[PDB]
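Excluded from the calculations below are hydrogen atoms, water molecules and symmetry mates; all remaining heavy atoms, backbone and side chain alike, are included. Order of the sequence lines fixes the chain letters, A, B, ..., with proteins taken first and strands second; residue numbering starts at 1 for each chain.
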Amino acid sequence: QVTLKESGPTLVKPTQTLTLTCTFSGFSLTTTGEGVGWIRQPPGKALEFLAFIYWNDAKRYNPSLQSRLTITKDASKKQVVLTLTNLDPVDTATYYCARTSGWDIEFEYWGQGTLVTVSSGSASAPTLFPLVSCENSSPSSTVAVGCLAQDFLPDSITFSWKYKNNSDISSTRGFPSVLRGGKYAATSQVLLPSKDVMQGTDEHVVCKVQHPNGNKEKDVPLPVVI
Amino acid sequence: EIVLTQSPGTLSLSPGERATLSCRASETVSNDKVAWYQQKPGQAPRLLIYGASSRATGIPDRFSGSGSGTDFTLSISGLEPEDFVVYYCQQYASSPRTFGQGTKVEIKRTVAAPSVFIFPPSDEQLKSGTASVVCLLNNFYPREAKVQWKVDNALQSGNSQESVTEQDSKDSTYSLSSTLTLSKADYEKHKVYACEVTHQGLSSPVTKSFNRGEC
Ligand SMILES: *[C@@H]1O[C@H](CO)[C@@H](O[C@@H]2O[C@H](CO)[C@@H](O)[C@H](O)[C@H]2NC(C)=O)[C@H](O)[C@H]1NC(C)=O
């Protein structure tokens, strides 16, 4: 089996320089037709090709990003390097490298990507706020409460909801994050049966998130129904 | 500069049906050096077809490529569970290599109207100078929903984000959160907050709202 692995800074400020490296294993930049290239994917959008370098060291670029792009191979270390200057937030994206094994077989082998966030802000952990259903005029079915993990970076949180009787909850309601002024926000909600909340002492449930910069965990107050 | 237009952007079929995704080039593609990739959200693309019609190493046979000139087709008969992902065509006739925007194949299900809830900003966050009103839409289908914010009857704009989950694994439904974010100052200057949601499964638009403080 062939293999590629990318790596680089997971966070970087604009007006700067990104360097990524595709360490590959299973082939050498020597056969004809063979080549390797970098392709990125901005969150939620399409794949976009940056640069490609052939064995025989022939390099090819994406006009729109050329003169800002630079591609190089080191047969010595089995690792291709990409350089992007003048970083901008729009350059945030997952960066993949892949190998074309011949002339017709295009990118038959892909690395695995590495998300490179481009924010001037600094790696801050989440700050939590409870979301209590200001529900009524029909409580109905069941009651819902949330939790708003705010101002974090890089985008990388998880949610787990636990009870007072410290068990676990069935939320599944996790929304992808939205990028607001250099910082990412996310919401998580959870439905509990109207029958339970309109009873028990549980004056709350707790919201738990694990971001790599801190593992905060606020508690959200149920509403009291009956 | 060979532009690639894929359509439809999103296609809604049932498991087992046949799917025909089209990819059209802005000019003829020399030698038909066109390729198709499949990507599940999260993972990396995987090659499905190259040279317009040649299958790849370890890629099933319901996947087939055809066409030439400026029209190409990736057809997959007998849609299987795992086939409901995104698909991209690419041309490598020149390089600049270029990609299409991708067409997503989703699971057709019946209409499910959403259940909606509105959450007022918490005092805590309020002390922080910024208040965030949220409106959650739960388990609905199809994906299209109009979610409008109104403050003291004023239609809002450029001050709400919007996030939507991927099609539910057990439900085939979607949920979405719409966030209205405004200055604590502005927030305390108004009385009634309302998010109106429009969806094919509601006979009439449902509006949810609360009055600052009375919650
Ligand atoms: C935590 O509190 C809830 C009530 O708010 C408990 O729910 C009830 O107890 C059983 C025991 O597990 C639950 O399975 C049911 O949902 C509820 N019972 C009834 C009458 O249906 C919940 O169980 C508590 N967590 C623990 C420690 O089990």
Pair A:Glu135, B:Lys208 - check salt bridge (charged side-chain N to carboxylate O under 4.0 Å, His left out), show working. CA-CA 9 Å; A:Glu135 173 75 76; B:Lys208 282 275 187 156; 3.1 Å; yes
Between B:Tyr37 and A:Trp110, does a ring-ring contact (aromatic ring centres under 6.0 Å, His included) hold up when you go through it step by step? CA-CA 11 Å; B:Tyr37 298 94; A:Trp110 288 67; 5.6 Å; yes
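The side-chain contact (heavy atoms from CB on, under 4.5 Å) with B:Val147 is formed by just one residue from the set B:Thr198, B:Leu137, B:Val116; it is B:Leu137.
Shortest non-hydrogen contact noted between B:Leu4 and B:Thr98 is CD2-O, 3.7 Å. In terms of heavy-atom proximity, B:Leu176 sits nearest to B:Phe140 at N-CE2, 3.8 Å. Considering every non-hydrogen atom in both A:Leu153 and A:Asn213, the closest pair reads O-OD1, 3.3 Å. Scanning both residues, A:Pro193 and A:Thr142, for their nearest heavy atoms gives CA-CG2, 3.3 Å. Counting all heavy atoms, side chain and backbone alike, B:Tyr87 lies closest to B:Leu48 at CE2-CD1, 3.7 Å. Of all heavy-atom pairs between A:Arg180 and A:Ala185, the closest is NH2-CB, 4.0 Å.
Atom CD of B:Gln43 is surrounded by more than 12 heavy atoms from other residues, nucleotides or ligands within 6.0 Å. Enclosure of atom CD in B:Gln101 is not indicated, since only 12 or fewer non-hydrogen atoms of other residues, nucleotides or ligands lie within 6.0 angstrom.
In terms of modelled atom types and a separation under 3.5 Å, the side chain of B:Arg212 and the main chain of B:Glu188 share a donor-acceptor contact. In this structure a side-chain-to-backbone donor-acceptor pair under 3.5 Å is present from A:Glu6 to A:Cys97. Between the side chain of B:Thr130 and the main chain of B:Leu182, no donor-acceptor pair closer than 3.5 Å is present.
Every residue two or more places apart in sequence or in another chain that forms a side-chain hydrogen bond (donor to acceptor under 3.5 Å, both in side chains) with A:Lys183 is listed here: A:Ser124. B:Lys104 pairs by the side-chain hydrogen bond (donor to acceptor under 3.5 Å, both in side chains) definition with B:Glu166, not counting sequence neighbours.
Between B:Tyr193 and B:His190, the ring planes lie perpendicular to each other; the angle is over 60°, past the 30° to 60° tilted range.
The cationic group of A:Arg99 does not satisfy the cation-pi geometry with A:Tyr109, failing either the under 6.0 Å distance to the six-membered ring centre or the 45° limit from the ring axis.
Note on A:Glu48 versus B:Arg97: no salt bridge recorded, every NZ/NE/NH1/NH2 to OD/OE distance being 4.0 Å or above. With respect to B:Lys189 and B:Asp152, no salt bridge is recorded, no charged nitrogen being found less than 4.0 Å from a carboxylate O. Electrostatic pairing of A:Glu203 and A:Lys164 counts as a salt bridge here, judged by a charged N lying under 4.0 Å from a carboxylate O. Residues B:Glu124 and A:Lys218 are paired through a salt bridge, judged by an N-O separation under 4.0 Å between the basic side chain and the carboxylate. Classification of A:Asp91 and A:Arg68 as a salt-bridged pair holds, one side-chain N sitting under 4.0 Å from a carboxylate O.
Side-chain contact between A:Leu222 and A:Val205 is present, with at least one heavy-atom pair separated by less than 4.5 Å. Put simply, the side chain of B:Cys23 reaches to within 4.5 Å of the side chain of B:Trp36, judged on heavy atoms. The shortest side-chain heavy-atom distance between B:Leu180 and B:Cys135 does not fall under the 4.5 Å cut-off.
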